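Here's a solo chain for you in structure tokens, the form deposited in one PDB entry.
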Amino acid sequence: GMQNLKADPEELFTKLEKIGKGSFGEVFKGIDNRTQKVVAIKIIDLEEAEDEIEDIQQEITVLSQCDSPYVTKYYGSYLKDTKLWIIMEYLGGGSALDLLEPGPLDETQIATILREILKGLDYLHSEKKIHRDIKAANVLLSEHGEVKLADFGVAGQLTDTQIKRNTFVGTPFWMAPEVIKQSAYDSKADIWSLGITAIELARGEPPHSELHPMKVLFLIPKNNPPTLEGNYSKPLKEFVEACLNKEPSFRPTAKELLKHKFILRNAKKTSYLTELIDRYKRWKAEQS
């Protein structure tokens, strides 16, 4: 099971104020009392959240096996009475979805964000892991513009005896057709979700965003794949099209997409993304 579970978290960390909800539990800011670095603490009431427990175990397992600058760093899991503390690196720049709220991105920002997402997917997929919930809300940034994949709550693991998954998980607007159909699928599902995320970064919202999620559960397998419509560069449109193939084996790998024209021509230093982070802080501060 979970061999490296720890105890007595408050000997090592200080729990500070609530900073969000992780659907499983609450998320708190915290301090590593050893380094004085800020951490993010997700507290899960084990007494309450009873059948997502197998998902909790899954999230912990996957995280404890990841070591990448492009994946939210995992400190450890701590048992404390009826509570499980999952302690991770704090990322202060908000999510990519947050950064969209004040207005449109330009294609340099879109490419920069996508390139780092792609480095994350390359890492995960090389580790036979599948994120299965790629969307802007699960892409978090440090206050200086580093970009990491977050929320491994439904991440899947492939093995020598299980080469495909088939579980119905993810977020409907971003889900690949084969996942909705619960066919046998793999990392190529993440590549479809990446394509929807590209549209989301460009347009602000995924295709079908105004419809009830249950509707899209039939629309996505039925309809032709979405395309990126509007006045965007040809390489961006082709990048999206490449990802959004109904046939999974025809989608490129993350490795391959890192050499796409759109990425090569437009991605720049992640530090430039602090402009976006500042735009959000400004916007959020004057929001009524």
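The term rigid core refers to the maximal set of C-alpha atoms that superpose within 1.5 Å between the two forms. Residue indices: 1-based, along the sequence shown.
**Student:** Please work out which of 125 to 133 and 154 to 162 has the higher mean CA B-factor as recorded in the PDB entry.
**Tutor:** 154 to 162 has the higher mean C-alpha B-factor.
**Student:** Select between 109 to 117 and 211 to 219 the stretch whose C-alpha atoms have the higher average B-factor in the entry.
**Tutor:** Comparing averages over the C-alpha atoms only gives 211 to 219.
**Student:** Highest Cα B-factor in the PDB entry belongs to which of 254, 236, 63, 242?
**Tutor:** The C-alpha B-factor peaks, among 254, 236, 63, 242, at 63.
**Student:** Hey, what third does residue 187 fall into on Cα B-factor, ranked over its chain?
**Tutor:** Lowest third - that is where residue 187 ends up once the chain's C-alpha B-factors are sorted.
**Student:** With respect to C-alpha B-factor, does residue 277 fall in the lowest, middle or highest third of the chain as deposited?
**Tutor:** Ranked within chain, residue 277 CA B lands in the lowest tercile.
**Student:** Would the CA B-factor of residue 93 place it in the lowest, middle or highest third of its chain?
**Tutor:** Middle third, going by the recorded CA B-factors of the chain.
**Student:** Within this chain's modelled residues, let me know which third the CA B factor of residue 259 belongs to: lowest, middle or highest.
**Tutor:** Ranked within chain, residue 259 CA B lands in the lowest tercile.
**Student:** Quick check on the deposited entry: does the C-alpha B-factor of residue 168 sit in the lowest, middle or highest third of its chain?
**Tutor:** Tercile = middle for this residue's CA B-factor.
Beyond what is shown, the protein has a form deposited in another entry; the following relates to that form.
**Student:** Please name the one residue from 241, 48, 247, 229 with a C-alpha displacement of 2 Å or more between this form and the one not shown, using the rigid core for the superposition.
**Tutor:** It is 48.
**Student:** With the core lined up, does the C-alpha of residue 79 move 2 Å or more between this form and the one not shown?
**Tutor:** The answer is yes, as the C-alpha of residue 79 shifts between this form and the one not shown by 2 Å or more after core alignment.
**Student:** With both forms fitted on the core, check whether the Cα of residue 271 differs by 2 Å or more between this form and the one not shown.
**Tutor:** Comparing the forms between this form and the one not shown, which are aligned on their rigid core, residue 271 does not shift its C-alpha by 2 Å or more.
**Student:** Does residue 57 shift between this form and the one not shown by 2 angstroms or more at the C-alpha, the core having been superposed?
**Tutor:** The answer is yes; the displacement is at least 2 Å.
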